[PDB]
Amino acid sequence: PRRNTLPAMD
Amino acid sequence: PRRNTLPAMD
Amino acid sequence: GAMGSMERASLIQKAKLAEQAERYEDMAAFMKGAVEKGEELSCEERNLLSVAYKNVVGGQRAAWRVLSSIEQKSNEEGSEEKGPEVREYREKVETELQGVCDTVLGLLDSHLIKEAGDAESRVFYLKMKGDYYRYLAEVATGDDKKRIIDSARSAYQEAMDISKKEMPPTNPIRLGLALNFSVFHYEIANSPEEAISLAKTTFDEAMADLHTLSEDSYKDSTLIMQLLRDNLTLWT
Amino acid sequence: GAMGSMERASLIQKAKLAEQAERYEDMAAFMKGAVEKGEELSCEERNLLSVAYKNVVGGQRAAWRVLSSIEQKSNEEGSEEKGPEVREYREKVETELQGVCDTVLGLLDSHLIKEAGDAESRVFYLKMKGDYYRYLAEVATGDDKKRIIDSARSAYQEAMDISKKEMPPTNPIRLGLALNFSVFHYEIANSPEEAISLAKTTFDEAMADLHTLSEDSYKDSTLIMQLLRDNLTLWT
Ligand SMILES: [Mg+2]
Ligand SMILES: [Mg+2]
Ligand SMILES: [Mg+2]
Ligand SMILES: [Mg+2]
């Protein structure tokens with residue numbers, strides 16, 4: 001599970 | 001559901 | 001040839017790195033460069049070539065079908081005119097798709113097919129030729145659409161004649177050829193009955209040959225027989 | 001500018017077609033062409049620009065991380081030498097990634113940021129600037145790695161100062177900025193405590209502002225607060 005950043009890939 | 005052909009995309 | 005400067009072995013090593021990176025454009029350019037070294041391709045190298053271009057052209061076919069569907073909706077009765085942008089962009093993608101198909105057909109023609117003496121290599125390349133004439137046929141609308149279809153049928157038929165004389169009915173290239181040739185009959189040649197007959201006959205003869213196979217060969221073949229059975233379930 | 005010949009409106013229409021086709025390279029080239037017409041971008045057009053380049057650079061970052069991992073494994077003790085191919089191909093992908101980052105930073109610099117007067121547009125562009133300096137920082141190893149990191153922090157900080165004075169704590173651009181700035185603290189700047197503090201504080205202040213929102217605004221904001229909470233669950 002990778003930490004989140006915005007925006008995300010398709 | 002699409003009919004199958006080989007090889008298939010990743 | 002921007003790959004003419006790189007070692008054949010480095011081109012093959014980087015095609016495998018590109019596959020793991022999911023960089024299929026790079027993978028195809030590397031395998032294009034490897035083919036242009038003029039040596040025949042090993043079994044593994046043929047798979048890399050095929051896998052690379054199938055992913056490239058598969059991304060283009062998916063995009064072509066989305067744009068072609070938007071373009072048809074904008075040609076309905078009561079559709080609001082939006083101008084030429086949908087048609088222009090569908091044309092751009094289509095032209096790019098035809099270039100990839102022509103690149104592959106150029107590699108098979110110069111000179112992979114004429115140097116392929118073994119059944120497994122020659123059937124593999126003739127299948128590829130049928131497949132890429134088939135992708136061109138999916139977008140063809142002019143005078144040459146009939147000629148493109150016959151170019152696909154002709155390459156498919158020659159591969160089928162060889163594979164029937166030279167390979168067991170469970171050989172994965174033979175089953176993959178039959179799967180793809182069957183779908184050509186169904187959705188390109190308007191021969192749904194021929195499509196169903198070839199898939200049933202291919203499935204039945206492989207089933208009868210399974211007892212000769214090792215557990216790993218058995219897994220390879222049964223995997224492709226399941227795709228034949230899925231198509232048959234969809235068409236009947 | 002190979003897009004200098006196309007209408008701004010046709011470039012925007014084709015960026016949207018390219019998104020539906022999942023043709024992100026085309027989408028970015030179209031939005032690059034739209035920006036180079038020299039007019040400011042609307043809210044929707046800013047999202048298209050951001051969405052297009054994020055997918056392009058995201059494919060490159062994923063590939064860079066696979067190749068960098070293979071390259072590190074081949075530098076182990078008891079690793080079998082395989083030659084320079086892994087390093088050369090990781091360098092090629094990395095150079096292509098740096099070019100995309102430089103293209104985006106060039107658009108923000110010429111001249112999107114200096115014409116962006118509204119809080120929402122200026123915060124959006126300054127966030128983008130921090131993000132693309134961050135992607136350069138992910139692959140930087142030389143003298144300028146410190147300067148790249150400070151270029152990212154500096155753009156992030158200015159966006160944060162504006163968004164704090166000019167936007168509610170639930171504004172999606174403000175929450176997206178805080179999410180990304182937080183991750184910069186965690187994995188780029190070696191400030192995991194600062195990363196956790198910003199994410200907790202951003203989450204808490206938005207929670208307290210949710211009561212002012214409509215159901216659709218509430219769905220937009222809560223979606224981003226859930227990403228903040230996921231990062232916090234991963235880091236604590
Ligand atoms: Mg070269
Ligand atoms: Mg019948
Ligand atoms: Mg132009
Ligand atoms: Mg602590």
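Numbering starts at 1 and runs along the chain as displayed.
For this deposited structure, the header notes the method as X-ray crystallography, 2.5 Å.
Note: Cβ is positioned from N, Cα and C throughout, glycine not excepted.
Annotation source the PDB entry lists expression tag at D:1-5.
Positions annotated as phosphoserine by Swiss-Prot, on the basis of a large-scale study or a structure entry: D:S10 (among others). For D:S10 (phosphoserine), the Cβ neighbour count at a 10 Å cut-off comes to 18, with all displayed protein chains included. According to its DSSP assignment, D:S10 (phosphoserine) is helical.
The phosphoserine annotation in Swiss-Prot covers D:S79 (among others). DSSP assigns D:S79 (phosphoserine) to coil, not to a helix or a strand.
The site 'Interaction with phosphoserine on interacting protein' annotation in Swiss-Prot covers D:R61 (among others). With a 10 A radius on its CB, D:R61 (site 'Interaction with phosphoserine on interacting protein') counts 17 other CB atoms from all the protein chains.
Taking Cβ-Cβ distances under 8 Å and a sequence gap of 6 or more within the same chain, the neighbours of D:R134 (site 'Interaction with phosphoserine on interacting protein') are D:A152, D:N180, D:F184, D:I188. Residues or ranges marked as site 'Interaction with phosphoserine on interacting protein' in Swiss-Prot: D:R134 (among others).
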D:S79 (phosphoserine): tally of other CB atoms within 10 A of its CB: 10
For the expression tag (D:1-5), the number of residues DSSP places in helix, strand and coil: 0 helix, 0 strand, 5 coil
Members of the recorded positions set D:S10, D:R61, D:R134 whose C-beta sits under 8 angstroms from chain C: D:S10
Spatial separation of D:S10 (phosphoserine) from D:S79 (phosphoserine) - C-alpha basis, Å: 53
Separation of alpha carbons, D:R61 (site 'Interaction with phosphoserine on interacting protein') and D:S10 (phosphoserine) (Å): 30
